[PDB]
Amino acid sequence: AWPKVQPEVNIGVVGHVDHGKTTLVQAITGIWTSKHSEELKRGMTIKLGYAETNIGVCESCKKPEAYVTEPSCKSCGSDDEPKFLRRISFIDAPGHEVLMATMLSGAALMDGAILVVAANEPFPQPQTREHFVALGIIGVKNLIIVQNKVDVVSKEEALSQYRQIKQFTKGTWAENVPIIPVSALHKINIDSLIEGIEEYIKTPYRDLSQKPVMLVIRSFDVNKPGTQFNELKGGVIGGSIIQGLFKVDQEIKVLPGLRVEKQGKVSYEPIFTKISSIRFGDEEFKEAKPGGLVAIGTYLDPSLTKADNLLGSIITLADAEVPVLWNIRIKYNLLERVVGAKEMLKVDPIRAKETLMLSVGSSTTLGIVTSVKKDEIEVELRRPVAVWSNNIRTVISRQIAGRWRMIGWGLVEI
Amino acid sequence: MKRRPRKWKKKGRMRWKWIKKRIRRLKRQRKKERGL
RNA sequence: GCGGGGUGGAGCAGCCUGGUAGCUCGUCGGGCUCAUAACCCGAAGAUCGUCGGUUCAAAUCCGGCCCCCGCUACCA
Ligand SMILES: Nc1nc2c(ncn2[C@@H]2O[C@H](COP(=O)(O)OP(=O)(O)NP(=O)(O)O)[C@@H](O)[C@H]2O)c(=O)[nH]1
Ligand SMILES: [Mg+2]
Ligand SMILES: [Mg+2]
Ligand SMILES: [Mg+2]
């Protein structure tokens with residue numbers, strides 16, 4: 001029996017609809033990513049998703065079929081029990097630009113990036129554009145290309161679009177990201193796929209020095225409809241530990257969390273608690289270390305947490321420092337063209353008073369402005385920020401036909 | 001509002017009460033609206 | 001595992017309880033005002049996907065086939 005551990009990795013998956021993200025994570029996990037009811041019936045990625053798997057290699061066999069996720073080695077036919085490499089995490093973005101913006105939340109938590117490509121769709125595809133350039137934003141340039149639908153493409157058009165792949169990477173930071181043939185529904189060589197996720201995407205250097213912050217992505221209530229008052233629980237609040245480490249029964253404050261009317265204006269409350277338990281799914285551990293979306297069940301009220309109220313929450317210590325500011329100064333860098341769309345028009349130097357969407361790592365808000373400096377922006381909000389230190393990645397999107405697409409990547413100066 | 005009572009006469013215009021109320025919805029604004 | 005309507009230009013009413021597609025927005029035209037719109041009334045209008053069965057006799061009760069297809073196995 002594998003001696004249990006919590007993950008070490010995050011691999012957020014980006015790409016458009018029909019490019020093959022749902023069944024590729026079905027393929028690397030054994031389970032799916034479309035986790036809502038109207039989603040269940042309609043069939044489009046609506047949730048910022050998540051996924052987990054194990055890795056055990058059989059040292060005896062050839063390259064590579066050893067990498068399958070159970071304590072056995074007869075996928076490649078090896079008699080041995082495999083050596084363990086890690087338990088893994090894949091964070092699942094939407095495809096549509098009618099649902100693009102929100103995804104940038106999870107982006108602040110990827111130890112890599114995955115782009116899936118349509119090999120039965122001409123060049124260039126609409127939303128993979130925006131996905132890959134937002135990756136270029138998040139400071140995680142680690143990309144995993146897959147050319148998908150090797151089972152409806154002719155075996156030459158695949159090669160032409162493969163050239164187109166190596167080319168699309170030329171001229172962007174990802175000249176040195178792979179191209180491995182696997183596909184979504186047909187599980188074709190997902191094994192050397194995980195081999196490539198291991199070989200090409202390395203671990204980003206972990207550090208336990210700054211304040212341990214879990215930049216949340218999900219938050220839910222365990223209590224089933226009709227749960228008696230005796231086995232009642234708090235809420236689960238779920239992120240991953242990038243700086244530090246969190247522990248069950250630990251004093252913590254969550255931010256922003258709860259909003260309250262204090263002195264006639266609008267303001268929030270950073271909320272103290274301790275953790276009721278920690279887990280990644282269905283195994284028992286007690287103190288979350290770096291690696292993977294960890295779930296932290298707390299001592300709060302559950303109604304505070306259901307229906308993704310604090311989407312992109314942050315957790316740090318109730319004796320710690322992360323600021324909140326209604327007026328935020330952000331140094332912003334303009335995007336070069338309309339990436340994720342059919343149509344790409346010029347990027348205009350604007351004046352203020354326009355209403356733009358500013359997503360703070362895993363946080364998000366609207367904003368307007370009065371002084372529009374050349375390089376930075378002084379934006380007024382309705383809800384304060386989650387900014388653990390300098391120049392954290394908050395992104396700006398402007399409306400395009402109801403699709404809020406990127407117009408710059410900004411870093412928060414405080 | 002430093003009334004000027006030549007306007008209520010309603011001759012070739014609109015009521016005054018329901019214009020005051022609408023000027024408030026813009027003074028409250030240019031005061032709040034990034035007039036900081 | 002299934003399972004539903006199988007309806008005029010449009011809401012589909014109406015299906016074990018069996019003979020008049022059944023009213024309603026819309027298209028033609030006729031009335032009232034000075035003239036318009038509201039308002040009034042005739043007319044057009046499918047005839048139940050379709051092969052059947054049951055049924056003196058039908059959407060009405062039961063089936064062949066097919067239209068579109070609507071619910072099939074999530075809370076740290
Ligand atoms: N056999 C096969 N089917 C595929 C492949 N890629 C997509 N499909 C099929 O195409 C349909 C839609 O593609 P989908 O898998 O949803 O791609 P996606 O990029 O994950 N879309 P989304 O993330 O919005 O759900 C599904 O029926 C899916 O099974 C592929 O490589 N092989
Ligand atoms: Mg999907
Ligand atoms: Mg006077
Ligand atoms: Mg008339």
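Of all residues in region A:303-321, exactly one satisfies the criterion of being more than 20 Å from A:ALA107 (Cα to Cα), under 20 Å from the mean Cα position of the chain (by Cα) and hydrophobic (A, V, I, L, M, F, W, C), namely A:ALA307. Here is the figure for region A:387-410: residues that are within 25 Å of A:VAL98 (Cα to Cα) and in contact (Cβ under 8 Å) with a residue 60 or more places away in the chain total 15. Is it true that some residue in region A:2-22 is more than 19 Å from the chain's Cα centre (by Cα) and within 13 Å of ligand 1 (Cβ to nearest atom)? Yes. Among the residues of region A:336-353, are any within 14 Å of chain B (Cβ to nearest Cβ) and among the β-branched types (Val, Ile, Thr)? No, region A:336-353 contains no residue that is within 14 Å of chain B (Cβ to nearest Cβ) and among the β-branched types (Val, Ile, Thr). In region A:258-303, how many residues are in a strand (DSSP E or B), more than 21 Å from A:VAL322 (Cβ to Cβ) and of a type in the set (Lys, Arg)? Residues in region A:258-303 being in a strand (DSSP E or B), more than 21 Å from A:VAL322 (Cβ to Cβ) and of a type in the set (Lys, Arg): 1 in total. Out of A:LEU334, A:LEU300, one residue alone is under 30 Å from A:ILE400 (Cα atoms) and more than 22 Å from the chain's Cα centre (by Cα). It is A:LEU334.
Taking the criterion of being touching a residue at least 12 places away in the same chain (Cβ under 8 Å), away from RNA strand C (no atom under 13 Å from the Cβ) and in contact with a strand residue (DSSP E or B) (Cβ under 8 Å, 6 or more places away or on another chain), would at least one residue in region A:33-41 satisfy it? Scanning region A:33-41, I find no residue that is touching a residue at least 12 places away in the same chain (Cβ under 8 Å), away from RNA strand C (no atom under 13 Å from the Cβ) and in contact with a strand residue (DSSP E or B) (Cβ under 8 Å, 6 or more places away or on another chain), so the answer is no. Restricted to region A:313-327, and to residues there that are part of a strand (DSSP E or B) and more than 14 Å from chain B (Cβ to nearest Cβ), the residue that is surrounded by the fewest Cβ atoms within 10 Å (Cβ to Cβ) is A:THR316. Within region A:382-410, restricting attention to residues that are surrounded by fewer than 16 Cβ atoms within 10 Å (Cβ to Cβ) and farther than 22 Å from A:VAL338 by Cβ, which residue is nearest to the other protein chains (Cβ to nearest Cβ)? Checking each candidate, the answer is A:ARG382. Of all the listed residues (A:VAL25, A:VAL17), the sole one being out of contact with any strand residue (DSSP E or B) (no Cβ under 8 Å at 6 or more places or on another chain) and of a type in the set (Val, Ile, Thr) is A:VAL17.
Looking at region A:32-44, can you tell me whether even one residue there is part of a helix (DSSP H, G or I) and surrounded by 21 or more Cβ atoms within 10 Å (Cβ to Cβ)? No.
One residue stands out in region A:356-372 among those that are away from every other protein chain (no Cβ under 11 Å) and among the β-branched types (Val, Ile, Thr): the one that is surrounded by the most Cβ atoms within 10 Å (Cβ to Cβ), namely A:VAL360.
Scan region A:86-123 for residues that are away from ligand 1 (no atom under 12 Å from the Cβ) and over 19 Å from A:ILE190 (Cβ atoms) and jot them down. The answer is A:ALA101, A:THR102, A:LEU104, A:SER105, A:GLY106, A:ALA107, A:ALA108, A:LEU109, A:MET110, A:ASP111, A:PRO122, A:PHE123. When each of A:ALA119, A:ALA101, A:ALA93, A:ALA113 is tested for being small (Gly, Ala, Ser) and without any contact (Cβ under 8 Å) to a residue 60 or more places away in the chain, the lone residue that passes is A:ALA119. Residue count for region A:218-245 under the criterion of being within 22 Å of A:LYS35 (Cα to Cα) and in a strand (DSSP E or B): the result is 10.
Scanning region A:328-380 for residues that are without any contact (Cβ under 8 Å) to a residue 60 or more places away in the chain, among the charged types (D, E, K, R) and not in a loop (DSSP other than H, G, I, E, B) returns A:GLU376, A:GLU378, A:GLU380.
Every number here is computed from the coordinates shown, using simple stated rules; none is lab data. Reconstructed Cβ throughout: ideal geometry from the backbone, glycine too, with neighbour counts over all protein chains shown.
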